[PDB]
Colleague: 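Shown below is the structure under consideration.
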Amino acid sequence: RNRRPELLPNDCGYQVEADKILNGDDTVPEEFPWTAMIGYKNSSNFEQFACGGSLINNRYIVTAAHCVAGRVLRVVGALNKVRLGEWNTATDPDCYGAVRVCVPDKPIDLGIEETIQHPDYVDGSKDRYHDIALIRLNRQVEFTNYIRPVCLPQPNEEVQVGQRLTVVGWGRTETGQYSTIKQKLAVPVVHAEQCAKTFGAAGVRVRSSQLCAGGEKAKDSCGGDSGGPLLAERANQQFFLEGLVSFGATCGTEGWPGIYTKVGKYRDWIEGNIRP
Ligand SMILES: *[C@@H]1O[C@H](CO)[C@@H](O)[C@H](O)[C@H]1NC(C)=O
Ligand SMILES: [Ca+2]
């Protein structure tokens with residue numbers, strides 16, 4: 001299967017601590033430097049960012065398969081670019097804090113060399129089982145304080161119910177707000193049964209490769225992007241990509257937690273589909 005585990009760097013999951021003035025759910029630009037924005041372009045050349053993803057090394061982002069096939073492609077446009085190093089999409093340069101500083105680096109928009117959807121994913125399916133895809137970027141990415149790779153779990157590692165994780169993004173889901181500043185929201189992992197309604201179709205079972213997180217005690221935590229990261233902070237403040245958004249959480253009266261692709265469960269597949 002041509003697995004190349006050594007192409008996933010050991011220097012992963014570390015971010016600069018450079019924190020500052022009054023927050024909210026807003027991040028500083030240095031937080032979660034593996035976030036990516038996925039950009040689309042329709043037939044009259046209108047562009048917009050409508051999905052997220054996570055930088056895993058200097059050549060790849062990992063996202064949901066539903067971000068690279070089907071509905072998004074007809075509703076928004078063709079897959080076009082991936083943006084790294086963004087913080088506030090409303091501004092450029094990005095400047096923050098009472099004692100003011102600016103991000104030295106303009107966000108980078110990279111082309112897509114190839115997209116690899118998981119072979120077992122079915123576009124339009126009720127369950128979206130195996131909702132994962134790799135995007136090989138056009139260029140080797142040089143890491144900075146604002147662009148760095150996230151760690152991936154091993155296939156035998158499990159998140160436990162009650163464990164708190166962080167979903168990060170710009171509200172780029174079907175029902176999201178489309179925020180301009182990158183947001184972080186803390187969410188509990190919950191029993192799979194609580195995601196019964198998440199599919200928006202009855203009778204779908206939550207598989208082992210799916211994670212249910214959000215819910216009744218996390219009504220202030222809706223955000224993230226389709227394909228966007230769900231993170232565990234493990235020992236030594238090293239962040240791991242426990243999940244990516246497959247069905248977004250909804251935080252209203254009759255809403256539901258989100259279903260995430262368990263990324264560790266696809267570690268072998270990832271390693272077999274990356275090249276230097
Ligand atoms: C491209 O998107 C813009 C903005 O949403 C829209 O006005 C336009 O109709 C789209 N192009 C077509 C005709 O597909
Ligand atoms: Ca910006």
Side-chain angles (χ1 to χ4, degrees), residues 15-55 58 61 63-64 66-112 115 123-124 135 137-139 141-150 166-185 223-229 231 239 245 248:
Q15 52 184 34
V16 180
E17 62 299 318
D19 290 297
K20 253 270 179 175
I21 276 299
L22 291 292
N23 302 295
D25 285 314
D26 294 357
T27 65
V28 282
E30 294 92 344
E31 273 185 276
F32 318 113
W34 33 86
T35 52
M37 307 194 79
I38 304 179
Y40 303 85
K41 186 164 151 173
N42 74 2
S43 52
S44 55
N45 291 349
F46 192 85
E47 302 182 27
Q48 66 166 69
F49 293 111
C51 258
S54 303
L55 187 65
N58 70 182
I61 67 153
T63 189
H66 79 266
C67 286
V68 304
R71 196 184 189 274
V72 186
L73 300 194
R74 47 195 160 210
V75 173
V76 184
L79 234 198
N80 184 234
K81 65 193 188 178
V82 176
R83 176 171 287 188
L84 297 179
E86 179 65 89
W87 177 60
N88 191 354
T89 58
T91 59
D92 186 65
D94 287 348
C95 312
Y96 46 117
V99 185
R100 183 73 45 87
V101 76
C102 300
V103 178
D105 304 335
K106 191 164 181 211
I108 53 170
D109 286 327
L110 295 325
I112 294 156
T115 307
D123 173 29
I135 295 167
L137 305 168
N138 234 192
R139 281 187 278 215
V141 166
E142 306 186 353
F143 301 140
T144 66
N145 282 11
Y146 312 94
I147 300 167
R148 298 187 166 190
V150 68
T166 307
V167 64
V168 186
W170 290 261
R172 316 296 159 110
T173 64
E174 273 278 277
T175 61
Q177 305 176 64
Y178 271 52
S179 76
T180 74
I181 296 171
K182 199 204 296 206
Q183 305 287 299
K184 57 168 172 187
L185 301 164
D225 299 325
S226 274
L231 310 163
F239 288 89
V245 175

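One is the number of the first residue; the rest follow in order along the sequence. Start at 1 and go down the list; that is how both ligands and their atoms are numbered. Basis for what follows: all heavy atoms, side chains included, without hydrogens, waters or symmetry-related copies.
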Colleague: Take atom NZ in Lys106; do more than 12 heavy atoms of anything else shown fall under 6.0 Å from it?
Modeller: no
Colleague: State whether the side chain of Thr63 and the backbone N or O of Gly52 hold a donor-acceptor pair below 3.5 Å, judged by distance alone.
Modeller: yes
Colleague: Any sub-3.5 Å donor-acceptor pair from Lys20's side-chain atoms to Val99's backbone N or O?
Modeller: yes
Colleague: Is a side-chain donor or acceptor of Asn42 paired with a backbone partner of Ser44 at a separation under 3.5 angstrom?
Modeller: yes
Colleague: Counting distance only, does the side-chain N/O of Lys182 pair as donor-acceptor with the main-chain N or O of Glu31 below 3.5 Å?
Modeller: yes
Colleague: Protein N, O or S atoms less than 3.0 Å from the Ca ion (ligand 2), ignoring waters?
Modeller: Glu86 OE2, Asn88 O, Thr91 O, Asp94 OD1, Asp94 OD2
Colleague: Taking side chain to side chain contact (heavy atoms under 4.5 Å, CB included) as the definition, give me every residue that meets it alongside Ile181, ordered by chain and number, with sequence neighbours left out.
Modeller: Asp26, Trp87, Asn88, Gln183
Colleague: Residue by residue, ordered by chain and number, which ones reach under 4.0 Å of ligand 1 with a heavy atom?
Modeller: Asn42, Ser43, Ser44, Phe46
Colleague: Say whether, by atom type as modelled, one donor and one acceptor occur between the side chain of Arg148 and the main chain of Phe32 under 3.5 angstrom.
Modeller: no
Colleague: Got a sec, which residues hit side chain to side chain contact (heavy atoms under 4.5 Å, CB included) with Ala64, two or more places apart in sequence or on another chain?
Modeller: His66, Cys67, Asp131, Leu244
Colleague: Test your reading of the model: is there a side-chain donor-acceptor pair from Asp225 to the backbone of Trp170, 3.5 Å cut-off?
Modeller: yes
